[PDB]
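Under PDB author numbering, residues 5 to 154 are what the first sequence spells out, in order. Note that CB positions come from ideal geometry on N, CA and C, so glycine has one too. Have a look at the structure below before the remarks.
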Amino acid sequence: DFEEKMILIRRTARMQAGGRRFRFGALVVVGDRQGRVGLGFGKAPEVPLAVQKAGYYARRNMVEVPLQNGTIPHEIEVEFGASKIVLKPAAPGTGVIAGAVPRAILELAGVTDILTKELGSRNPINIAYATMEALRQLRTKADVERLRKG
RNA sequence: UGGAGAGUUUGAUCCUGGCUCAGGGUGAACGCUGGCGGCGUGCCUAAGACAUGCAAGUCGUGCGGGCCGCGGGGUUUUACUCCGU
Ligand SMILES: [Mg+2]
Ligand SMILES: [Mg+2]
Ligand SMILES: [Mg+2]
């Protein structure tokens, strides 16, 4: 009973003596809407196994989202490859203002109000992976004070 | 209190990168259609050319006259038309 949202399906092809030969890739986000999210990229010879595997790997790659009344502790910009995600907390009533990929990811984390920009390469995958890296790097006031003591 | 991206180069991929679109806006124009009202607003081109009317006057308590309507009788009155407004 994580929710699950199917972010990307694509069909890749490779080559053989007299033939194109296909494979599918599914990007699936999985999450409770209460600070936990997962991203997984699954491949298979048919679509539903890809979606299935994606689901599997996502539940197996999850993250501490430190929410705070439906927004995020602080700004972050993550670059992943040539893709870039910028993330900005927002007060309530703002909505989750984002591209389809990072929207999915943030909604299921339980983000209600946030502001975003996809910069750089928009490739849905590297954007997904970077959104995740962004949230993986969020820290709370408490996380920070803990790091600096005496 | 503030920020969404998508399509298209490949057998397929990543990147680069252009083209393209969704939005808002306007002294608008054109097409189909059109019931009311309020407030705004309407030659963006030929600073081309313009019929016609009107758009800058006012003071008689600055001044002297012409003309007229009266009042008041000059020859009684119209011909010499005298004072007052
Ligand atoms: Mg680009
Ligand atoms: Mg080429
Ligand atoms: Mg008509």
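Residue range 51–63 is occupied by the alpha helix (DSSP H) that includes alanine 62. Taking 8 Å as the cut-off, the Cβ atoms of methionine 66 and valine 32 do not count as close. Short of 7 Å from the beta carbon of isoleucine 80, and not among the five residues preceding or following it, lie these beta carbons of its own chain, in chain order: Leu91, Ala138, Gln141, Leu142. For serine 87, the shortest separation between its Cβ and any heavy atom of ligand 1 does not lie below 7 Å. Each residue's CA atom was taken as its position, placing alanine 102 and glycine 22 some 43 Å apart. Within the same chain, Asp117 come within 6 Å of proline 96 by CB-CB distance, once the 5 residues on both sides are set aside. For the pair of segments examined, the stretch 53–68 was found to touch the stretch 23–43: the number of CB pairs separated by less than 8 Å reaches three. Under the three-state reduction of DSSP, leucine 43 is assigned to strand. In summary, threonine 16 is exposed, with fewer than 16 beta-carbon neighbours lying within 10 Å of its beta-carbon over all protein chains present.
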